[PDB]
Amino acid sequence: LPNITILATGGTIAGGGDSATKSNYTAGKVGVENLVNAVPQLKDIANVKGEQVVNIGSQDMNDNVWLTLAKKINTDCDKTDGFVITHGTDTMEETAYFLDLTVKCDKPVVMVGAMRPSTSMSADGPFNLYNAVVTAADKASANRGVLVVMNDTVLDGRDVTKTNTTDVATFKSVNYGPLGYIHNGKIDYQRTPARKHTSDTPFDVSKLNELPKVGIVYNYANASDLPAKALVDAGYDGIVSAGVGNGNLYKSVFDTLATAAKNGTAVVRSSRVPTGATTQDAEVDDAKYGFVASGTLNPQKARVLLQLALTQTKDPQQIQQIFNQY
């Protein structure tokens, strides 16, 4: 059987409450060893070694954990046949895309979580973790980039996003769809992500102890420019606009970011709209203002690519070409 390393960061999958029927719970309580022990059928599928990286709610996920995870997977790539990362669902899609761009290991890296705590009735965590190990162990799962496995579905790290606040079926690749469905411990893969990922990226965080500072500003009716001005005053390297519709900006936000873009700051236009691309030739002349259009990358995912783009270049046209390639 293949050897696979479970890297535990915490989440509701490692979360517990005082009863199976009450909704109240705390994330990142239970250890990796207790998770694997709860699913003995793992032994039938792979030789599992569990390592606790951190034990955190993914709402408190950060650059330092991102850095640790990338370096760990890249360092330990030769000493295992595949990786599973147990992780909270809140920012799974951010971590998944960071590693999708920064992992140089060509062996399956599969992220997994749970929407119900481990102590709850009909807890999704156990079967989620089994299916994650199935995917990480499947020979066919290699060279498809960093994967998320949730609700019997294999999702690429770029397009995967949390669509619902409670539903176990929350995770979908809302623009281009899933890679494959898992039935009876077997995957029928019909799709691979075309955007370049892992070893096909120039992003190398092996020596980096931090990432360039990129914040996100929300657009809406009567939107305050104070958030944008706060990141600008702090000398932020990048600002992602969660725009309205096709990445459009409230007038006062537009004013601040137009200034910022010409005074150092890399400005990427994304959208609060959960589905579809922020396009170039819309109502915003990106060439004129020196903006970057995120495309299908939602605000949090645009932040990831911009941060990593900023380790390579400050030039908008090159960042835009990066946003057209990765």
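Don't overthink the numbering: it's just position in the shown sequence, from 1.
Between the stretches 222 to 230 and 71 to 79, it is 71 to 79 that shows the larger average CA temperature factor. Annotation for 85 to 93 versus 100 to 108: the higher mean temperature factor (C-alpha) is found in 100 to 108.
Across the options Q41, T296, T259, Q59, the residue with the most elevated CA B-factor in the record is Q41.
Note on the listed residues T198, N164, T161, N248: the highest Cα temperature factor in the record is that of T198.
Among the modelled residues of the chain, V154 sits in the lowest third by CA temperature factor in this PDB entry. Ranked against the other modelled residues of its chain, the C-alpha B-factor of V205 as given in the entry falls in the highest third. Sort the modelled residues of the chain by CA B factor and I45 lands in the highest third. The entry lists a Cα temperature factor for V30 that places it in the highest third of the chain's modelled residues.
Per the PDB record, residue ranking by Cα B-factor puts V292 in the lowest third of the chain.
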